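Given next, in structure tokens, is a single chain: the form deposited in one PDB entry.
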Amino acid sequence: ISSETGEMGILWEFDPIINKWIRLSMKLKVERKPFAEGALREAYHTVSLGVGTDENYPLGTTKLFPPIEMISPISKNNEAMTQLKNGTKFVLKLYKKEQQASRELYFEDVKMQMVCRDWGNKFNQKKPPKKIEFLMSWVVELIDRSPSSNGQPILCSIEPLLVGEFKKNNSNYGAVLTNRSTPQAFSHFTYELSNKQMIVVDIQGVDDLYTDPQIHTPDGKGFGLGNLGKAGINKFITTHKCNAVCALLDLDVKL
């Protein structure tokens, strides 16, 4: 939008309510060194230098992912234009040294986060002691960065900066890592209210602002490599103890 030295990116937002991706551009400036890492990715402080349209960067085609029918022809409205306005401090995440990553996985992961965000709203609507919220997430094609040896463009995901102490409350394979009730009751709520079609675990973040969740489904399909299917779900069942939040939401002690 307004520049000023940084790098260009193709910015992708998923909107669940119209079931389409919204394609934009942005400029960002990222720090050279990461400020945190996990098992898979490193996270980098970044500043936004504005969000604009994708008009200078034609799509193609010939195929494409996401496919053309999954892309909105109109991109005038989106969260990115407010949440990533010029001057915003945010987080960029890059995979560490990865051959398990594919273009399709970046998009699966961001869609997954958007799905959990809808679940957070549905939870909040039953009026629990502590409302919860999932951060937006976005796919960025770092188009100014040179493709590595394989010829693949550089991709990353971005999300807002969380301020405070970052805590993980459950894992994607049955760990209950804090004594807080809301995160565990939310996981249980997603399982029951979805009629056992899915569960949201890996509940982590700062307070009840959450990021990087994981979904399991009975058939194991979609939701990235962390979808552990029936094993994942059952592992949650084994360690769940219902709490006051579960009871308040009228969730069945039988899972």
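Quick note: we count residues from 1 along the sequence shown, nothing fancier. Heads up, when I say rigid core I mean the largest set of C-alphas that superpose within 1.5 Å between the two forms.
For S194, the fraction of other compared entries lacking coordinates, among those that model flanking residues, is zero, nowhere near a third.
In the record comparison, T61 is unmodelled in at least a third of the other entries of this protein that model the residues flanking it. Per the record, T62 and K63 are separated by a gap of 1 to 3 residues from the deposited sequence that were not modelled. Taking the mean C-alpha B-factor of each stretch as recorded, 74 to 82 and 149 to 157 are not equal, and the higher mean is that of 149 to 157.
When the mean C-alpha temperature factors of 113 to 121 and 85 to 93 are read from the deposited coordinates, 85 to 93 comes out higher. As recorded in the entry, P66 carries the highest CA temperature factor of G226, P218, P66, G205. Highest CA B-factor among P58, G222, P213, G52, as stated in the entry: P58. Looking at the C-alpha B-factors along this chain, the one for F35 belongs to the highest third. Per-chain ranking of the deposited C-alpha B factor places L177 in the highest third.
Residue-level temperature factors show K196 in the lowest third of its chain, judged at the C-alpha atom. Ranked within its chain, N243 lands in the middle third, by CA B factor from the PDB record.
Placement of the Cα temperature factor of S171 within the chain: middle third of the modelled residues, per the deposited record.
Separately, the form deposited in another entry exists; it is not shown, and the next lines address it.
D219 shows a C-alpha shift below 2 Å between the shown form and the other one [criterion: core-superposed Cα displacement of 2 Å].
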